[PDB]
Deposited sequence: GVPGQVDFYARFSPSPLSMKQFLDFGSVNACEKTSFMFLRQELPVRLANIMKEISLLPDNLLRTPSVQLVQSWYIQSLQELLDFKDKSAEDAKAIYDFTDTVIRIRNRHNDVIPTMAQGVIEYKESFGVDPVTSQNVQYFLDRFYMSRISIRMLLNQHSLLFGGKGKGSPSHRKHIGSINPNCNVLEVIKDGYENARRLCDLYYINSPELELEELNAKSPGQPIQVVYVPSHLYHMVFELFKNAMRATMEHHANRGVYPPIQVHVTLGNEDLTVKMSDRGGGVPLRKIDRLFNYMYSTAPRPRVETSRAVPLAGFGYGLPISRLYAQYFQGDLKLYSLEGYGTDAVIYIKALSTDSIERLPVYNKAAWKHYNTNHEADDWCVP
């Protein structure tokens, strides 16, 4: 039945695309039939691969109402896509119906990330963090959210190209404009909560072509989400660390375009965090708190906004970038986004379900070749 369908498509590996391919495959003669032939296999493959790992979750997380809802959305979308596997690519009605289905799935899966996050809240509310399976939850969520980002990318591209900027990709994404947009939105929320906010000091270096505007091929909303998250963190740190003084140091952002890397470095004077404690910030169980209640006029704390640091790092890593933190405890913190400057180096990073993935859920990863202390 459904287990048989999931098993069939989970045998296959997802096929990673580059940003250059996304761009090229949807510009001149963007071909809906070609997208159909690809996506009627690729979407079931990507859904089925991650659905196998949902099934490996600790029972107390798997059974939460929010996870059950996400799983039922994936099951229903898988079945609806599989209705097309035996249609002909020259059947115009089948092509039109497939695009309608993609658009429908795109809307249905619109709040997958907040709903999975609420399952994690339900889980640690009703049972706590079982330490034995907590490595499994961390491993799963990195892969589920990356999978979701990759599925959203395909749904967006097909819906935007054929539901009637290349799709959601801007071939000339203006990096500094996105950064200023992130700063202004974060500052607005900072002002509401702290009644003040740090100024922005922005510096840029186009090493590739000095003095020229810094542009890359990118999905602007991905960059926005990452820079918003980092501004929010640096503002919370600055405003709370210097609350007694009432004088708030600026947040400095340094943007550099090198031969290979676009780098966005954000520096604050928020007092920092010791190295021992920094990796908790990328842990889902540690970083998920119940969302603020609706029924209040009081300003929402900054922690109540954004995708969070782990998902932000996944956005960077999705196209072979990264997001790294390094702090000087007592002084402040540097946060750095790395993005590939070239669209041909920007290849999807996708999880795959196989024996190695399954073994991860059933092994303990203890570095016994070094002394414990």
Sequence order list of spans that the model leaves without C-alpha positions, deposited numbering
165 to 174
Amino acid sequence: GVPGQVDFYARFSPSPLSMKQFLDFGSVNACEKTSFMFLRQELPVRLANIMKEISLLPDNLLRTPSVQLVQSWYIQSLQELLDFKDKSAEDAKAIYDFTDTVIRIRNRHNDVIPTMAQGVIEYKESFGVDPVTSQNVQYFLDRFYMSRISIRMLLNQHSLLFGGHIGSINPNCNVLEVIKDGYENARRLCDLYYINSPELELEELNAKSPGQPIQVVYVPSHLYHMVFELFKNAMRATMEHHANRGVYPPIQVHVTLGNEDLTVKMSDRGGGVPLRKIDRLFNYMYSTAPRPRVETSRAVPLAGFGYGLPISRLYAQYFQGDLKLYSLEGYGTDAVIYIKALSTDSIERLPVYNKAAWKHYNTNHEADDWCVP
From here on, numbers count along this sequence of modelled residues.
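In this text, the rigid core denotes the largest set of C-alpha atoms whose superposition between the two forms falls within 1.5 Å.
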After fitting on the rigid core, pick out whichever of 262 to 270 or 287 to 295 shows the bigger RMS C-alpha deviation in 4 other deposited structures of this protein.
287 to 295
Rigid core fitted first, then name the stretch among 274 to 282 and 199 to 207 whose C-alphas deviate most from the displayed form in 4 other deposited structures of this protein.
274 to 282
Establish whether the other compared PDB entries of this protein leave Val129 unmodelled at least a third of the time.
yes
Please report whether at least a third of the other compared entries leave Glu366 without coordinates.
yes
Higher average CA B factor in the deposited record is what I'm after, so tell me if that's 344 to 352 or 27 to 35.
27 to 35
Going by the average Cα B-factor in the PDB entry, point out whether 207 to 215 or 276 to 284 comes out higher.
207 to 215
Given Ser150, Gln138, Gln157, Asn244, identify the residue with the highest C-alpha B factor in the PDB entry.
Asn244
For the listed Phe228, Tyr194, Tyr145, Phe84, which has the peak Cα B-factor recorded in the PDB entry?
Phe84
Taking the C-alpha B-factors as the PDB entry records them, is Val294 in the lowest, middle or highest third of its chain?
middle
Quick one: classify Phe162 as lowest, middle or highest third of the chain based on its Cα B-factor.
highest
Lowest, middle or highest third: where is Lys265 by Cα B-factor in its chain?
lowest
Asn60: C-alpha B-factor third of its chain, per the entry, is the highest
Can you work out whether the C-alpha temperature factor of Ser18 puts it in the lowest, middle or highest third of the chain?
lowest
